[PDB]
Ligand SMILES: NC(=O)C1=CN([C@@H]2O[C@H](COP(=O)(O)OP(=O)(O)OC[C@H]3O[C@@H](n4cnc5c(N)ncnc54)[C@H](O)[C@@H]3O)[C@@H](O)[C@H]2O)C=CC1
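As a starting point, one isolated chain is supplied in structure tokens, in the form solved without this ligand.
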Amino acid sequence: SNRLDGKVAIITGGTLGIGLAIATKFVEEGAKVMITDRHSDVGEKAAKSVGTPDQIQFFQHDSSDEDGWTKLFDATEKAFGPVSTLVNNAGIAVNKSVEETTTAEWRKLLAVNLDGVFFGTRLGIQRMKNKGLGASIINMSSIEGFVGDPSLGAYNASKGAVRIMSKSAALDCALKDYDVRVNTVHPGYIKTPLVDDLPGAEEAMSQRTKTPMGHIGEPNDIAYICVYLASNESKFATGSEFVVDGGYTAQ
């Protein structure tokens, strides 16, 4: 409890699965939270299921929407004060090999998975630097950021981009003493909407040959590592990659 005391966090795609879990644990640790999503209907209900308006609120926003990012930060700051933590968790997947990926699919996935993370990270640095907030930007990546998958071409590209782009940002912040850390989280297959949208994915990735533990993880598995990265407990961690994949990339 209170591991995130005084923190003010923004979690994109925090109305379901992983995002929702992170929001729940964040509030549980004393942080003010603002979750985002493109569906206001479910948004409001998700925030309320986690806590009261004084601890968590919802803000309709598409991570690929650049201008919206500024409005998202203004609303969050106006409601809870200066933002200190950002979790770029919103993302989509396309079940296509590089060979069979259409340019439309390619641009659509990168708009969210890459441009969106870029927009959030860029603005996050500008808004959270030099304010003694112990700012932390957590960029949700994936095991798909370390290894490839024959049917996740576009996805693999976006995740590999986020992985290294985050290091660049981490270095710049550290070298300029911005008081902003940047790190990536690389979830292995986790029981969530994105995976439960990928035909037979959970069954396939439960096989011992894919996930050594013989089962996939749960949203809280990612929420806990995010709490650590959001808290001052990891004040010396920046530009690092934290994997929680049940052994997937160990073999």
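Between two forms, the rigid core is the largest collection of C-alphas that superpose within 1.5 Å. A residue's number is simply how far along the shown sequence it sits, counting from 1.
Keep in mind that the form deposited with this ligand bound is not shown, yet the notes after this line are about it.
When the contact criterion is heavy atoms within 4.5 Å, does residue 47 count as touching this ligand in the deposited bound form? Taking the distances in the deposited bound form, the answer for residue 47 is no, it never comes within 4.5 Å of this ligand.
With the cut-off set at 4.5 Å between non-hydrogen atoms, does residue 190 touch this ligand in the deposited bound form? Within the cut-off, so yes.
In the deposited bound form, residue 18 touching this ligand (heavy atom, 4.5 Å): Yes.
So, residue 62 and this ligand: in the deposited bound form, are they within 4.5 Å at any heavy atom pair? Judged by the heavy-atom cut-off of 4.5 Å, residue 62 is in contact with this ligand in the deposited bound form.
Are all three residues 37, 159 and 195 in contact with this ligand in the deposited bound form, where contact means a non-hydrogen atom within 4.5 Å? Verified in the deposited bound form; spot residues all in contact, yes.
Only one of 165, 110, 143, 173 gets a heavy atom within 4.5 Å of this ligand in the deposited bound form. Which one? In short, 143.
Pick the stretch from 73-81, 87-95, 165-173, 123-131 whose residues have a heavy atom within 4.5 Å of this ligand in the deposited bound form. It is 87-95 that comes within 4.5 Å of the partner.
Using the rigid core as the fixed frame, list which single one of 192, 57, 64, 211 shifts its Cα by at least 2 angstroms between this form and the one not shown. None of the others reach 2 Å, which leaves 192.
Does residue 27 show a Cα shift reaching 2 Å between this form and the one not shown after rigid-core superposition? No, the C-alpha moves less than 2 Å.
Please check if residue 223 moves between this form and the one not shown, taking a CA shift of 2 Å or more relative to the superposed core as movement. For residue 223, whose C-alpha is compared between this form and the one not shown after core superposition, the shift is less than 2 Å.
Flag for residue 201, CA shift 2 Å or larger between this form and the one not shown after aligning core: Moves: yes, 2 Å or greater.
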